[PDB]
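There are 2 protein chains.
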Amino acid sequence: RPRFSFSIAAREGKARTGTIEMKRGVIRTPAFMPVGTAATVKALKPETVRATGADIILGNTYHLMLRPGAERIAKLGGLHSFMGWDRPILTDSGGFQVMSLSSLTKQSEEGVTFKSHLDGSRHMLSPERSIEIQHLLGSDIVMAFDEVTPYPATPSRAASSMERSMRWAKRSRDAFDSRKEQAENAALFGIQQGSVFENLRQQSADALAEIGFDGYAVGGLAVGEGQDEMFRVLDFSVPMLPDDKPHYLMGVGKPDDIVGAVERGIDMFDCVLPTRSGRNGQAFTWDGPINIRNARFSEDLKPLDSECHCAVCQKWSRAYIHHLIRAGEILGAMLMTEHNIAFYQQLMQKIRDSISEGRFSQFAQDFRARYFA
Amino acid sequence: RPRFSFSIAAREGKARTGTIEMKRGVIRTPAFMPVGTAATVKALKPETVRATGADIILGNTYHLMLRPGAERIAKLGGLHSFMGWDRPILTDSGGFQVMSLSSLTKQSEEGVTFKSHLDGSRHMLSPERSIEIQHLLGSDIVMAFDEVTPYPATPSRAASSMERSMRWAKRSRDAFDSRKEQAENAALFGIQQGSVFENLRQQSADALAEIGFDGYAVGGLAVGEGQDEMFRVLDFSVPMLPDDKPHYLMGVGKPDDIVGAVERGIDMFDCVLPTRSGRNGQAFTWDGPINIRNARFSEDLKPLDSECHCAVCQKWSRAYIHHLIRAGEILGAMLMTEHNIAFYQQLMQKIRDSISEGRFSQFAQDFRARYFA
Ligand SMILES: [Zn+2]
Ligand SMILES: [Zn+2]
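What follows is the structure in structure tokens.
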């Protein structure tokens, strides 16, 4: 396999299906990437992650740099060896979680300094250091380091942050290219910014295309804007990106968000399963989500979902999983996570097949009618 | 297979190796039984429990009767179906955990009433109700309901509790026998009491043998007495039990306790892996236990144990597991538990093979020399 090759096999409207070939494996698109935080996809062995259908996982740079540490992971042979996942890994830049999780942040044109939320130790990220950390981890797809644009953002502030992000995209490009081993074996994605503003999204797309990346993320969404607005921004934003490279919608999302985003030209997705306020009991089904903690499931012998081919739905009942989650048992988290990630992969497979067969628009309609019945 | 058949294939001193055949499967002895609390062996799918080598698991009646409930489990098809373990299950009587975990206990000749530690709901156990609950769960090996003798115990109090336990053993026997489905498909074990007193242990053995059981547990140990005293009590207590039935040492124990107990005629074991005060990081190795949380393991690329054939030792390093446990990750608990239970099964296999080959005494010496080096 080559370092990086994206091929589009079939199209329907703005939707595409195809493959990304990389040294560590082939990624089928549209793709969902399970999120590994601190070098683990929560409650799953890597072989189980693979069994669900995942071709690639995401690793969180911010968490990894804090624990166990990037240099340590490099000394130990890299993230793949460390956690036992031998297929592609995309690493984020760490910037988002610095803003959301850390304290005492000091931002500048050079980067950001911050205090760890674990022990208040002082750390730093910059375009150069982020790229270096992702190299030390042995990442296959490296994300350019950008500046977080909060939602909502004024036009001036959105513009300033986008402009800084584009300067940082060039710095990221140069850092990546100057490191021979990384340039020859990994890929680099740029991130479009500009908040909800069409003119800024266009300037950002133009800047990224001029620099040139292996793929293009739509950044700055999934931060509270709501689906209608997100879809509105995608409507104009995705066509601005180079057609012949993958389009990655960072942090998205719910099944219906994924379907609509694919309808708008997105090829790659990631998100973390909810846990707060009993949401860890949320199971996806083709008839919409259910919360397995609900008392109505206490004697329900049916599987989580009636069609799902996952091992959890083959072997255990709603009643059992209800009990485990209510009891706070680790096996509850294991089974819920395996089923939910398997559900997402089955959704992606149905999306890929429907685009390949020129019936994706019909699939989207059928999906929504049932999911929201 | 028959309802119950214990066959001794080989002996060395007081040690025995053989098989218990039951309807749901064959149990190799000496046997270690992983403990399932609330219908799960912590952090392991049943297929993983089986993969480690376990032939039988233990279920905790006290926990099951509180959550999800015995009647509910029966309605749902029994414990085996509920949790997805199709091999034999031994259930305890629930009595021990009533005393250790519940509150507002009221004890009498009839049984015990108590308040749940989960919600303060009021519950009851008696010889009859304990046997009934174990039936509702669909237990393969049913434990007679006895009265807990605390350590230390005065001779008078030890005698009184032992005498009550023997009356309750007869009540348990009769309850079990009066239920046709249970009598024909399950087995019933009696529990010897008498604390550290030889005369009481003898009276208890005689009473149990007169009633007649499928197996005999040595109760009242692993409650703070220390290994020397436990071994001293086993020295005189085990020979009092019928030779031709299994001997079950409840709640034991550490690897070295198991070896010494087999040397003294014990065939079956169970215990729960420690978790308190960082003990969840305790991994067994042939060179003694280690605590994986220790900083010295942070860059150690070796497996938990150098000889262990378990999947964890095949695939991940000490450094990785150190990180997971320090980070509080669920996968840490998964991997540690799988390795530790696999280690116990490998110990049992080495015990069985050495007895079969008439070299168990040598094995015990070699084991201790290395484990305590
Ligand atoms: Zn099905
Ligand atoms: Zn080995």
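Chains as they are written, first to last, in PDB author numbering: chain A, 11 to 383; chain A', 11 to 383. A prime marks a further copy of an entry chain. Just so you know, even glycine gets a beta-carbon here, dropped at the ideal spot from N, CA and C.
| Check | Outcome |
| --- | --- |
| Would you check if the distance between the CB atom of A19 (chain A) and the CB atom of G28 (chain A) is smaller than 8 angstroms? | yes |
| For the segment 106–179 of chain A, list the beta strand (DSSP E) runs that are entirely contained and at least 3 residues long, ordered along the chain. | 113–117, 122–125, 132–135, 151–153 |
| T101 (chain A') to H257 (chain A'), Cα distance in whole Å? | 16 angstroms |
| Let's test the definition: count the other Cβ atoms within 10 Å of the Cβ of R181 (chain A) and tell me whether it reaches 16, buried, or not, exposed. | buried |
| So that I know if they touch, is there some Cβ in chain A lying closer than 8 angstroms to that of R82 (chain A')? | yes |
| State yes or no: is the beta carbon of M346 (chain A') nearer than 8 angstroms to at least one beta carbon in chain A? | no |
| Can you tell which of A':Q237, A':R174, A':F199, A':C323 has its C-alpha closest to the C-alpha of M278 (chain A')? | A':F199 |
| Taking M93 (chain A') as the query, report the chain A residues whose CB atoms sit under 7 angstroms from its CB, ordered along the chain. | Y330 |
| Hey, out of A':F353, A':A48, A':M109, A':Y330, whose CA is closest to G87 (chain A)'s CA? | A':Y330 |
| For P299 (chain A) and chain A', any beta-carbon pair shorter than 8 angstroms? | no |
| For the segment 251–322 of chain A', which segments carrying the beta strand (DSSP E) assignment without a break, of at least 3 residues, lie completely within its bounds, in sequence order? | 257–259, 278–280 |
| If we count the other Cβ atoms within 10 Å of its Cβ and call it buried at 16 or more, is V243 (chain A') buried or exposed? | buried |
| In the structure shown, what three-state DSSP assignment does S327 (chain A') receive? | coil |
| Give the interface partners of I340 (chain A') over in chain A, defined as CB-CB distance under 9 angstroms, in chain order. | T50, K52, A53, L54, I340, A343, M344, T347 |
| Do we get a CB-CB distance below 8 angstroms when we pair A352 (chain A') with the residues of chain A? | no |
| Nearest to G105 (chain A) by CA position, among A:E157, A:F382, A:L146, A:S371, is which residue? | A:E157 |
| Taking Cβ-Cβ distances shorter than 7 angstroms, what residues in chain A' pair up with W296 (chain A)? | What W296 (chain A) touches in chain A': nothing, since even the nearest Cβ is about 24 angstroms away. |
| What are the residues of the segment 132–150 of chain A that lie near chain A', defined by any Cβ-Cβ distance shorter than 8 angstroms? | none |
| Is there at least one Cβ from chain A nearer than 8 angstroms to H257 (chain A')'s Cβ? | no |
| Report buried or exposed for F382 (chain A'), applying the criterion of at least 16 other Cβ atoms within 10 angstroms of its Cβ. | exposed |
| Is the CB-CB distance between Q203 (chain A') and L251 (chain A') below 8 angstroms? | no |
| With distances taken Cα to Cα, identify the nearest neighbour of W296 (chain A') among A':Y226, A':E142, A':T164, A':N350. | A':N350 |
| For ligand 1, any of its heavy atoms closer than 7 angstroms to the Cβ of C323 (chain A)? | yes |
| Name the chain A' residues that come within less than 9 angstroms of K312 (chain A), Cβ to Cβ? | Simply none; closest approach about 12 angstroms. |
| Quick one: any contact between the segment 23–38 of chain A' and the segment 340–354 of chain A', if contact means 3 or more CB pairs under 8 angstroms? | no |
| Within the present structure, is the beta-carbon of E317 (chain A) separated from the nearest heavy atom of ligand 1 by less than 7 angstroms? | yes |
| Is any beta-carbon of chain A' found at less than 8 angstroms from that of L283 (chain A)? | no |
| Evaluate contact between the segment 145–155 of chain A and the segment 78–93 of chain A, counting only Cβ atoms and requiring at least three cross-stretch pairs below 8 angstroms. | yes |
| Who are the neighbours of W326 (chain A') on chain A, taking C-beta pairs under 9 angstroms? | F92, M93, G94 |
| Are the CB atoms of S247 (chain A') and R211 (chain A') within a distance shorter than 8 angstroms? | yes |
| Would you list, in sequence order, the uninterrupted alpha helix (DSSP H) runs of no fewer than 4 residues that lie entirely inside the segment 17–72 of chain A'? | 56–61 |
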